[PDB]
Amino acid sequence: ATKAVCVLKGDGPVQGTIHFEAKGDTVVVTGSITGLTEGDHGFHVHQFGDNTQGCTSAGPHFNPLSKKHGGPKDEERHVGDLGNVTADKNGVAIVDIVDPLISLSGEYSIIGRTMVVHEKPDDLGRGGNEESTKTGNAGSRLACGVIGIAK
């Protein structure tokens, strides 16, 4: 698979459509998210495409190598760690990520997994406490969607 799409929804006003495209050994992640507070918000692929209990049932960050949480630039990171998206004064975050670790096929395929955008910034694993090494202290899950095959 070379194209995927994800519609983010939550209990509040956050929404967005994310597109995925395979290019070489990377995945290009594009789209926009609206309704956010100005500033940074954590943004990750979570393990399960399970929305039975809202974004809660998505489980943890997708982490098949059982590594510590980090930023997308770090060698020590979860597969699903895509860092922060940034919303402007208008609550609009332009998603523009090129990632070498997520994939649309094979063992690290994120097809059928969940994108989650968070209430607060991802500290990228540098917060100094145990929770930073797991979730980056990005806080509550505002909106999420299951990643699907796109035309």
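Sequential numbering from 1, following the sequence displayed. The term rigid core refers to the most C-alpha atoms you can superpose between the two forms while keeping them within 1.5 Å.
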{"property": "Higher-deviation segment by CA RMS in 6 other deposited structures of this protein, core fitted, 24-32 or 40-48", "result": "24-32"}
{"property": "58-66 or 27-35, whichever carries the higher mean Cα B-factor", "result": "27-35"}
{"property": "Between 137-145 and 123-131 (mean CA B-factor, as deposited), the higher", "result": "123-131"}
{"property": "Of the residues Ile102, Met115, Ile111, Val92, the one carrying the largest Cα B-factor as recorded", "result": "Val92"}
{"property": "CA B-factor placement of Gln47, once the chain's modelled residues are sorted into thirds", "result": "lowest"}
{"property": "Third of the chain's Cα B-factor distribution that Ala87 belongs to, per the entry", "result": "highest"}
